[PDB]
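Position 1 is the first residue of the sequence; numbering continues from there. Computed from heavy atoms alone, side chains included, the values below leave out hydrogens, waters and symmetry copies.
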Amino acid sequence: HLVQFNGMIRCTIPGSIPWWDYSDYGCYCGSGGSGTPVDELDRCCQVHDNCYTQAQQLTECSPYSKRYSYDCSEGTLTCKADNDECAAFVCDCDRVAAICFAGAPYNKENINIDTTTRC
Ligand SMILES: [Ca+2]
């Protein structure tokens, strides 16, 4: 679930306000996605969008609402093992993205861009 994804991003980037900081970034970070990623972070979102699309082919699996079981210790992100096939897969999509986000630089210039032309 997007709210848990937010929780995962807070785990790797504690000073982040995820639903705000990454909801309109580059060509993929945010609703929809197209074109070539603008940077490293936007690249994380392209991979994440893809993962969500794949997690959608799963029998009634919505990456958007499916609530998964994960743990967040001191930075380390863990997707609990009891998760069903969808929750497990979706929790995976967000973990990999949360970790990716934390390793990519945040370039202010790539926030809220004119996707219609740059993507
Ligand atoms: Ca997207």
Subject >> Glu85, CD atom: more than 12 neighbouring heavy atoms under 6.0 Å >> reply: no

**OP:** Compute whether any side-chain donor of one residue and acceptor of the other, for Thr117 and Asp114, lie under 3.5 angstrom apart.
**Re:** yes

Original post:
Within the side chain of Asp24, is there an N or O that forms a donor-acceptor pair under 3.5 Å with the backbone of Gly30?
Top reply: no

Original post:
Which heavy atom in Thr36 sits nearest to a heavy atom in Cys27, and how many Å separate them?
Top reply: O-SG, 3.8 Å

Original post:
Does a side chain donor of either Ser23 or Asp21 reach within less than 3.5 Å of an acceptor in the other side chain?
Top reply: no

Original post:
So, for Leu77 and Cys72, which heavy atoms are closest and what is the spacing to 0.1 Å?
Top reply: CD1-CB, 3.8 Å

Original post:
What residues form a side-chain contact (heavy atoms from CB on, under 4.5 Å) with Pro105, not counting sequence neighbours?
Top reply: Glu40, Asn107

Original post:
Is there a donor-acceptor contact under 3.5 Å linking the side chains of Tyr70 and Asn83?
Top reply: no

**OP:** Would you give the length of the straight line joining atom CG of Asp42 to atom SG of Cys119, rounded to the nearest 0.5 angstrom?
**Re:** 7.0 Å

Subject >> Any donor-acceptor N or O pair under 3.5 Å, side chains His1, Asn6 >> reply: no

Original post:
If you measure from NE2 on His48 to SG on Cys51, what distance do you get to the nearest 0.5 Å?
Top reply: 6.5 Å

**OP:** Mark yes or no for whether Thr12, through its side chain, and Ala98, through its backbone, hold a donor-acceptor pair below 3.5 Å.
**Re:** yes

**OP:** Report the C-alpha distance between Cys79 and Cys91 in whole Å, list the side-chain angles of each, state the deciding distance to 0.1 Å, and finish with yes or no for disulfide (SG to SG under 2.5 Å).
**Re:** CA-CA 6 Å; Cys79 284; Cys91 182; 2.0 Å; yes

Subject >> Atom pair SG/CG of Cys29 and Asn110 - distance to nearest 0.5 Å >> reply: 9.0 Å

Original post:
For the rings on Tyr106 and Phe101, is their centre-to-centre separation under 6.0 Å?
Top reply: no

Original post:
With no hydrogens and no angle check, do the side chains of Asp92 and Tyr68 hold a donor and an acceptor under 3.5 Å apart?
Top reply: no

**OP:** Measure the spacing between OG1 of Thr76 and CG of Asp71 and express it to the nearest 0.5 Å.
**Re:** 9.0 Å

**OP:** Find the distance between SG (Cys93) and NZ (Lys66) and round it off to the nearest 0.5 Å.
**Re:** 13.0 Å

Original post:
Between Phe89, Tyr28, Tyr64, which is the residue that forms a ring pair (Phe, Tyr, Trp, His ring centres under 6.0 Å) with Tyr52?
Top reply: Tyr64

